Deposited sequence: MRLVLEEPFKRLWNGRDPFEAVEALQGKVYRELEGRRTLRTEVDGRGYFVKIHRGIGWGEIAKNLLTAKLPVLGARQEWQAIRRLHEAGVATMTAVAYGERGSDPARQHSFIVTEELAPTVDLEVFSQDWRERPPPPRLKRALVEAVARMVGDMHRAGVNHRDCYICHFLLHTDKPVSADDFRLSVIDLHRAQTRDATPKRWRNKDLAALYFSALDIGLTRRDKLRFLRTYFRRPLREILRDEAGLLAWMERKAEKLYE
């Protein structure tokens, strides 16, 4: 048994079995990947995403909790639950607040190849992701779906190179440890790179990324990560087609 309720669902499910109540929430329903379920719902017009598993909600919940400890901007979780006589085959749920207004970074950079952004805005975004991912990894969380589309740029204010905030989302497969093994670090870095092959990153936008990501001199990175970087460049070539 694991259960954490926060507002508004703490009162909403007071004398209620919350595992029943999540199944009773309503709204635009989505993915039904074998027992799993995602749906958007509103409480006083707020908007929350409901993920029910009947792999479970634990992955997202511990990533979200570690990222909050580490100061990495992400979803806020207002409800979470696990129960089951078989600790392997648990019934779980997690409800996260909606982040809005936002535009994810793939959409935002959709057509940088042809509509080039301000250079300083570009480099600030490249670096802001380098910081978050680095921060994520140093805090013991590897994403497993580390793509630019899972980073939200916040549009509640005008966006400039000097003022913008990101949030990382979709942690449904995220693994949380006290230290992120290097193989898992590299998978995220690989995936983040392949998601970004089509936005006009110069060779130097990528070195900028690596420096900020590792927080080590560029010369050391290119030496000690040589094989990783050569592999990523080789995969990225074939993926370009």
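**Student:** Please give the gaps, as residue ranges numbered from 1 in the deposited sequence, where no C-alpha is present.
**Tutor:** That part of the chain that was deposited but carries no coordinates is 55-72, and nothing else.
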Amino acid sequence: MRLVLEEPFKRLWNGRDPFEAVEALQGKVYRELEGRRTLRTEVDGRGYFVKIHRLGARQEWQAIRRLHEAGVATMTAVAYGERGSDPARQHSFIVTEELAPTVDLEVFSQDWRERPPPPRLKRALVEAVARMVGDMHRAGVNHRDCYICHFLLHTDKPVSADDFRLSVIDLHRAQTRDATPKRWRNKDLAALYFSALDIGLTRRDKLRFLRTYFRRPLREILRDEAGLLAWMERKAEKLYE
From here on, numbers count along this sequence of modelled residues.
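**Student:** Tell me which of 228-236 and 7-15 has the higher mean C-alpha B-factor in the deposited entry.
**Tutor:** If you average the C-alpha B-factors of 228-236 and of 7-15, the larger mean comes out for 7-15.
**Student:** Decide which of the stretches 55-63 and 40-48 has the higher mean C-alpha B-factor, going by the entry.
**Tutor:** The stretch with the larger mean CA B-factor is 40-48.
**Student:** Checking the entry, which one of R185, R215, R173, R31 has the top C-alpha B factor?
**Tutor:** Going by the entry's C-alpha B-factors, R31 comes out highest.
**Student:** Identify, among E127, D162, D145, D135, the residue whose C-alpha carries the highest B-factor in the deposited PDB entry.
**Tutor:** Within the set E127, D162, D145, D135, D162 shows the top C-alpha B-factor.
**Student:** Going by the recorded CA B-factors, say which third of the chain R131 sits in, lowest, middle or highest.
**Tutor:** For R131, the deposited C-alpha B-factor lands in the lowest third.
**Student:** Could you tell me which third, lowest, middle or highest, the C-alpha B-factor of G71 occupies within its chain?
**Tutor:** Ranked within chain, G71 CA B lands in the lowest tercile.
**Student:** Determine, from the deposited record, the chain-internal third of the Cα B-factor for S167: lowest, middle or highest.
**Tutor:** As the PDB entry reports it, the C-alpha B-factor of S167 lands in the lowest third of its chain.
**Student:** In terms of the CA temperature factor given in the entry, to which third of its chain does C149 belong: lowest, middle or highest?
**Tutor:** Lowest third of the chain for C149's C-alpha B-factor.
**Student:** Test of reading the entry: by CA B factor among the chain's modelled residues, which third contains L105?
**Tutor:** Its C-alpha B-factor belongs to the middle third of this chain's values.
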